[PDB]
>>> print(open('upload_6.cif').read())   # mmCIF, C-alpha atoms
data_work
loop_
_atom_site.group_PDB
_atom_site.id
_atom_site.type_symbol
_atom_site.label_atom_id
_atom_site.label_comp_id
_atom_site.auth_asym_id
_atom_site.auth_seq_id
_atom_site.Cartn_x
_atom_site.Cartn_y
_atom_site.Cartn_z
ATOM 1 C CA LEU E 1 124.528 152.064 88.444
ATOM 2 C CA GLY E 2 122.522 154.561 90.480
ATOM 3 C CA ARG E 3 119.304 153.719 88.615
ATOM 4 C CA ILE E 4 120.100 150.050 87.903
ATOM 5 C CA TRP E 5 121.014 148.634 91.312
ATOM 6 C CA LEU E 6 117.453 148.649 92.666
ATOM 7 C CA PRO E 7 115.487 146.748 89.954
ATOM 8 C CA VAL E 8 118.255 144.157 89.534
ATOM 9 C CA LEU E 9 118.326 143.418 93.265
ATOM 10 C CA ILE E 10 114.518 143.299 93.313
ATOM 11 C CA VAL E 11 114.512 140.728 90.502
ATOM 12 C CA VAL E 12 117.231 138.706 92.250
ATOM 13 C CA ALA E 13 115.279 138.631 95.516
ATOM 14 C CA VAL E 14 112.036 137.704 93.740
ATOM 15 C CA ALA E 15 113.801 134.866 91.924
ATOM 16 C CA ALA E 16 115.278 133.576 95.189
ATOM 17 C CA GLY E 17 111.889 133.660 96.896
ATOM 18 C CA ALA E 18 110.224 131.888 93.980
ATOM 19 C CA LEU E 19 112.931 129.215 94.014
ATOM 20 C CA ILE E 20 112.467 128.635 97.751
ATOM 21 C CA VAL E 21 108.687 128.459 97.294
ATOM 22 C CA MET E 22 108.973 125.942 94.453
ATOM 23 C CA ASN E 23 111.437 123.698 96.289
ATOM 24 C CA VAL E 24 109.608 123.405 99.614
ATOM 25 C CA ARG E 25 106.032 123.354 98.304
ATOM 26 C CA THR E 26 106.454 119.925 96.695
ATOM 27 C CA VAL E 27 107.991 118.168 99.719
ATOM 28 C CA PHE E 28 104.625 117.761 101.452
ATOM 29 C CA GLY E 29 102.753 114.548 100.736
ATOM 30 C CA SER E 30 104.633 112.574 98.070
ATOM 31 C CA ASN E 31 104.169 109.266 99.910
ATOM 32 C CA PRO E 32 100.530 108.122 99.682
ATOM 33 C CA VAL E 33 101.002 104.372 99.139
ATOM 34 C CA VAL E 34 103.622 101.722 99.918
ATOM 35 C CA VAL E 35 104.249 98.990 97.333
ATOM 36 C CA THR E 36 106.235 95.948 98.429
ATOM 37 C CA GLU E 37 108.820 94.359 96.152
ATOM 38 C CA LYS E 38 108.195 90.990 94.496
ATOM 39 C CA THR E 39 110.858 88.249 94.319
ATOM 40 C CA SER E 40 109.514 85.011 92.830
ATOM 41 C CA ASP E 41 111.328 81.896 91.644
ATOM 42 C CA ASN E 42 111.462 80.395 88.172
ATOM 43 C CA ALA E 43 108.716 77.764 87.922
ATOM 44 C CA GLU E 44 110.174 75.326 85.393
ATOM 45 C CA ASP E 45 110.374 71.546 84.980
ATOM 46 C CA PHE E 46 113.938 70.531 84.119
ATOM 47 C CA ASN E 47 115.371 67.211 85.314
ATOM 48 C CA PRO E 48 112.382 66.291 87.519
ATOM 49 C CA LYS E 49 112.968 63.277 89.735
ATOM 50 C CA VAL E 50 110.947 60.260 88.615
ATOM 51 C CA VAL E 51 109.327 57.858 91.092
ATOM 52 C CA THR E 52 107.939 54.520 89.894
ATOM 53 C CA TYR E 53 105.603 52.180 91.774
ATOM 54 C CA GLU E 54 105.507 48.514 90.731
ATOM 55 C CA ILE E 55 103.137 45.818 92.006
ATOM 56 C CA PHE E 56 103.319 42.251 90.713
ATOM 57 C CA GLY E 57 102.522 38.800 92.038
ATOM 58 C CA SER E 58 101.086 35.382 91.330
ATOM 59 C CA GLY E 59 97.556 36.679 91.827
ATOM 60 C CA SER E 60 95.203 38.007 89.186
ATOM 61 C CA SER E 61 94.283 41.407 90.654
ATOM 62 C CA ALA E 62 95.074 43.509 93.710
ATOM 63 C CA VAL E 63 93.872 46.478 95.751
ATOM 64 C CA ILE E 64 96.462 49.261 95.851
ATOM 65 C CA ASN E 65 96.791 52.361 98.032
ATOM 66 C CA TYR E 66 99.649 54.815 97.551
ATOM 67 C CA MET E 67 100.738 58.352 98.381
ATOM 68 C CA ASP E 68 101.215 60.650 95.423
ATOM 69 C CA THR O 1 122.006 78.610 102.259
ATOM 70 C CA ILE O 2 121.884 74.850 102.785
ATOM 71 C CA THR O 3 118.519 75.117 104.563
ATOM 72 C CA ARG O 4 117.221 77.552 101.891
ATOM 73 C CA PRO O 5 118.861 76.325 98.679
ATOM 74 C CA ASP O 6 116.737 78.464 96.339
ATOM 75 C CA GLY O 7 116.193 81.345 98.768
ATOM 76 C CA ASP O 8 112.813 80.023 99.947
ATOM 77 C CA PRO O 9 112.315 77.596 102.849
ATOM 78 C CA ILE O 10 112.532 73.924 101.954
ATOM 79 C CA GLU O 11 109.091 72.460 101.395
ATOM 80 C CA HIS O 12 107.857 69.825 103.855
ATOM 81 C CA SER O 13 110.246 71.092 106.530
ATOM 82 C CA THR O 14 107.865 72.561 109.116
ATOM 83 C CA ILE O 15 106.644 70.750 112.228
ATOM 84 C CA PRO O 16 102.971 71.435 111.326
ATOM 85 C CA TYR O 17 103.630 69.588 108.071
ATOM 86 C CA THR O 18 104.650 66.534 110.095
ATOM 87 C CA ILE O 19 101.542 66.901 112.257
ATOM 88 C CA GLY O 20 99.191 67.312 109.301
ATOM 89 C CA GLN O 21 100.519 64.184 107.578
ATOM 90 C CA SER O 22 100.152 61.947 110.636
ATOM 91 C CA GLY O 23 96.820 60.391 109.658
ATOM 92 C CA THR O 24 97.417 59.475 106.011
ATOM 93 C CA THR O 25 98.614 55.959 106.847
ATOM 94 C CA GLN O 26 95.391 55.176 108.706
ATOM 95 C CA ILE O 27 93.453 56.395 105.667
ATOM 96 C CA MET O 28 95.503 54.091 103.455
ATOM 97 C CA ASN O 29 94.621 51.033 105.554
ATOM 98 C CA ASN O 30 90.865 51.653 105.484
ATOM 99 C CA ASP O 31 89.909 49.134 102.785
ATOM 100 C CA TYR O 32 91.658 46.211 104.451
ATOM 101 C CA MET O 33 89.927 46.975 107.752
ATOM 102 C CA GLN O 34 86.506 47.212 106.106
ATOM 103 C CA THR O 35 87.076 43.796 104.544
ATOM 104 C CA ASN O 36 87.839 42.370 107.995
ATOM 105 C CA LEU O 37 84.628 43.837 109.401
ATOM 106 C CA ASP O 38 82.609 42.267 106.581
ATOM 107 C CA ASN O 39 84.349 38.972 107.326
ATOM 108 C CA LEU O 40 83.239 39.328 110.950
ATOM 109 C CA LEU O 41 79.625 39.642 109.823
ATOM 110 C CA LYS O 42 79.890 36.608 107.548
ATOM 111 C CA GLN O 43 81.507 34.630 110.373
ATOM 112 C CA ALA O 44 78.536 35.454 112.599
ATOM 113 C CA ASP O 45 76.231 34.073 109.901
ATOM 114 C CA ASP O 46 78.353 30.917 109.702
ATOM 115 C CA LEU O 47 78.072 30.496 113.469
ATOM 116 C CA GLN O 48 74.296 30.703 113.141
#
>>> encode(input="upload_6.cif", output="structure tokens")
Amino acid sequence: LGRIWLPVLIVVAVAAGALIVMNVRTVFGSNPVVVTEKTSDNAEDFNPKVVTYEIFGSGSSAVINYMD
Amino acid sequence: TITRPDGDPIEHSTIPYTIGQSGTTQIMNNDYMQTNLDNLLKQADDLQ
């Protein structure tokens, strides 16, 4: 391999250098924005508790104030 | 846990919530106080 050893080793070295270049070149940057995760709850109406107000008396009418 | 049953804090459980709801009862009584003030005016007329 007197006339084969040189070009093969040259190609091997060039491939190694290209691989190193490709790997490290992309590491820079790659983190421009930060996006926080979202964890919401299911907004549904199943078995809602029911509150009832009742006003009654011997009078005809009344004035009523209440808290919703 | 028991204080966060669904993973979020229980509603109406902060101290500022208690503070911010302190004046609703006075607002509820407003009509009955206004009626008393009108009665005071009419009583002054009756005195006249």
>>> interface_residues(input="upload_6.cif", of="chain O", to="chain E", cutoff="8 Å", atoms="all atoms listed in the file", output="list in words")
residues 6, 28 and 29 of chain O
>>> atom_distance(input="upload_6.cif", atom1="CA of residue 16 in chain O", atom2="CA of residue 68 in chain E")
19.3 Å
>>> axis_aligned_box(input="upload_6.cif", around="range 14-23 of chain O", padding_each_side="8 Å", output="lines of an AutoDock Vina configuration file")
center_x = 102.3
center_y = 66.5
center_z = 109.9
size_x = 27.0
size_y = 28.2
size_z = 20.7
